[PDB]
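Read the single chain below, which is given as structure tokens and is the form deposited in one PDB entry.
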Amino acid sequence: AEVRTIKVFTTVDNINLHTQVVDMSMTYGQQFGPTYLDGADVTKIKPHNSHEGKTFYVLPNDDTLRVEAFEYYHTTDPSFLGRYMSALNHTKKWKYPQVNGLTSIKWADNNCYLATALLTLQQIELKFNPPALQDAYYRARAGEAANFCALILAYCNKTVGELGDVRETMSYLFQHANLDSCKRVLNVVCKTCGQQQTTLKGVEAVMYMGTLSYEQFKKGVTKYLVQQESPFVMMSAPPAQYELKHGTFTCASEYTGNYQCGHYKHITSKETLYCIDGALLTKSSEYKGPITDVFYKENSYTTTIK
């Protein structure tokens, strides 16, 4: 049989391309292990004349790719690239409309939690350690968030169509952001026992579960905030009917519904109050509803309590 070939580029990061020659009589799986073309799995398919020149992903089956891959994703999960492509295969069909000055995601495949989280990240100062996330966040800020959402699914071990928790997701991303300058000192007091002062750093320093109001946390829940050093704070608690006031907060997640089967919305404080429901938009001067996460910006705070 006539043995024909084409040339292609393989990569793990789409930053280093490595020219390959493929036998057209064999599937890519017989030459590259698993193989993808914008996420679509091409392991079981044989080369086409049109694939010549095009860039193909591969699993890091050789030391170069392993290095390239860790340097780019900051992970060694042997399944990461696969889960990123499969997700990407899906998130590329999503629409990412600009809603109220920000990138959003039209509802599809239970992505309400990804949308609310993508709106939140555009609004708080976050610097990602993995290049993959740095690169995809920057393209994402410009309405091309298909890769950003697909990497989030793969970093948070979720599959398209499953519902996630906003707070759990953001927690994952925080583990990949550079939040080392972040500190938190708490003081707790009893009139009989004593007082316990905790100090927290990093991810734990910007996240709290039990209250939605920063102001309450500075007065007392007796636990009170003594010092906080962070670009922002995330205040979280199980959904409770709550009232947000223009100007007192940056953003917030509304979780309507039941445990692991509800709907998420994002409220943002700009010149007025806006509800960003995926690709839908309402404005209002006040807002009340089932709120679970409030986000407040910050630089430095020190208490006056003694």
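The term rigid core refers to the maximal set of C-alpha atoms that superpose within 1.5 Å between the two forms. Residues carry their position along the shown sequence, with the first being 1.
Counting the deposited residues that fall between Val189 and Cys190 and carry no coordinates gives zero. The mean C-alpha temperature factor is higher for 78-86 when 78-86 and 166-174 are set side by side.
For the pair 192-200 and 132-140, the record assigns the higher mean C-alpha temperature factor to 192-200. Remark: of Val99, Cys149, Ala108, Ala205, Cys149 shows the highest value [criterion: C-alpha B-factor in the PDB entry]. In the deposited coordinates, the residue among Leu225, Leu126, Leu153, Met234 with the greatest CA B-factor is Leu126. Among all modelled residues in this chain, the alpha-carbon of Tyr36 has a temperature factor (C-alpha) in the highest third. In this PDB entry, the Cα temperature factor of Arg66 sits in the middle third of its chain's modelled residues. Among the modelled residues of the chain, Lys46 sits in the highest third by CA temperature factor in this PDB entry.
Sorting the modelled residues of the chain by their CA temperature factor places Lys92 in the highest third. Ranked within its chain, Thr159 lands in the highest third, by CA B factor from the PDB record.
Although not depicted, the form deposited in another entry is the subject of the following passage.
The only C-alpha among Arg66, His51, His263, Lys270 that moves by 2 Å or more between this form and the one not shown, given a superposition on the rigid core, is that of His51. Comparing the forms between this form and the one not shown, the C-alpha position of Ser25 differs by 2 angstroms or more, with the core used for superposition. Residue displacement note: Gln195 has its CA displaced by at least 2 Å between this form and the one not shown (rigid core superposed). For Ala240, a C-alpha deviation below 2 angstroms is recorded between this form and the one not shown after rigid-core alignment.
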